[PDB]
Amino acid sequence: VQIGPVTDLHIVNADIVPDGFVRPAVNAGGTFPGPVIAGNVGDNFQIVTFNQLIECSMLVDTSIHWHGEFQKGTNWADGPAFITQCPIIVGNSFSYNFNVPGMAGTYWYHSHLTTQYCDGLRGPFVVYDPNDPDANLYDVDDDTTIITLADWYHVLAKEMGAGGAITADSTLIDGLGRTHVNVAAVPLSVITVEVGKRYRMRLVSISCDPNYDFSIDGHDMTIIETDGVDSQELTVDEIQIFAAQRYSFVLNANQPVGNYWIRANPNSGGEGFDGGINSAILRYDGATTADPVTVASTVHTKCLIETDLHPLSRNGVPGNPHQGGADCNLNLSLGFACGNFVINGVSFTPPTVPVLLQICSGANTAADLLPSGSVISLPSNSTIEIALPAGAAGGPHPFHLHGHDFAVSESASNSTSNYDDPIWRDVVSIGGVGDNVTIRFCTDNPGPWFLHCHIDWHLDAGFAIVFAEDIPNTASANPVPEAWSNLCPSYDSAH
């Protein structure tokens, strides 16, 4: 189902059994995954979030992030708890009111309090472009062609320990999937196609953790969009998609009428596809209603390599074509030790007063800002470079920057930089020990922007910092509505 751009979104508890195991959940709009929130580029989104949560087990406070939306002028609407807001308390509501100029493509939204999105608050967000330059490449683009991949846990997020390696109990594709252990023959998701039609498939990782090896038996996939950025056409036969990344790919339904397995292998949890784990069904109209009996290629011969992606537009790369060729070049020391992650020796632990409120109240510098050592100021209109050398305990970490997308100057498993035409995205794997994944952007968006690993268990264990971008201009650029000012006093009173 699609809603928006102006809509109510209620946050409720519901028990669900996507793999046959009933357990509690935190739902947006009453379904798992949440409904698709949608609009056209340039639309005013007004999402009134009614928090009706009752089950403390998963926290009754909530806060929602519109993942990959830049929020320029509306840093207050971004969603991360204690960075841009206090959580909305149960029984109250809050209007995330914002515009999406410049932006089109496939996004998503999720709770950004603690590890609550794991417990089910996650869904797709699609900005349609009525003048999409990729339109002529396909026949069908609609709600039936969105594909979500989700990790699902039998253990309540708040009780995951932490961290402490943690693994999912099943993979859900469009909210259905089978349990990795003691697999019950529960219903699988079906994605129906018609002989000869081309589909814009919108592949969305809503994962709290694992990355997926994604393929469709018998079929190719032509990538045309990455984390919201239009790409040149890239035909692959397998896609490794890390947590919170998105691809649009063209599926040409050119195989014989029949049933073909859709495969998404997580990097942890259940391995293989026995009894239909890690699986969904590609069904052609006219096929018999039966399980596919297809096999993956023994070796995939054209799997996605990030370095083969190129923007469709002439995005290029900011700065100079050498490492340090930026106004403010950074190299973050990403560590793990004793159950906590650090960035430059500091583990993130949420401040009592949100970063933005601190600024609104008169803070001027990162030194003025709490938590100490968890904030780095950026000057305005400057080319930033962030090197993110990997090695820290597992791995591979998908880093995400709020309020921005970014050139991937250097990708995983490859030490050659690209200062001509690398793909731009918003979530990138930092690869493995010895890699030096590097990103670049321009500071054109005043506000405190979260930078964190999108493995949510790694976020709760401190793997994050705030880029306080243009502290001096922050208040002026981001006028807040009174409802936002009301958040922290309510939350603090309630607690």
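Numbers follow the displayed sequence, beginning with 1.
Can you tell me whether 411-419 has a higher mean C-alpha B factor than 129-137 in this record, or the other way round? It is 411-419 that shows the higher mean C-alpha B-factor.
Output the stretch having the higher mean C-alpha B factor in the entry; the candidates are 463-471 and 52-60. Mean C-alpha B-factor is greater for 463-471.
So if I compare the CA B-factors in the entry for 101, 351, 218, 276, which one is the largest? Comparing C-alpha B-factors across 101, 351, 218, 276, the top value belongs to 351.
From the list 428, 442, 38, 28, select the residue with the highest C-alpha B factor recorded in the entry. The C-alpha B-factor peaks, among 428, 442, 38, 28, at 442.
How does residue 248 rank on Cα B-factor within its chain, lowest, middle or highest third? Tercile = lowest for this residue's CA B-factor.
Position of residue 47 among the chain's modelled residues by C-alpha B-factor, lowest, middle or highest third: It falls in the bottom third of the chain.
Among the modelled residues of its chain, does the C-alpha B-factor of residue 153 lie in the lowest, middle or highest third? CA B-factor rank for residue 153: lowest third.
Chain-relative CA temperature factor third for residue 238: Middle third by C-alpha B-factor.
Please place residue 97 in the lowest, middle or highest third of its chain by C-alpha B factor as given in the entry. Answer is middle: the recorded C-alpha B-factor places it there.
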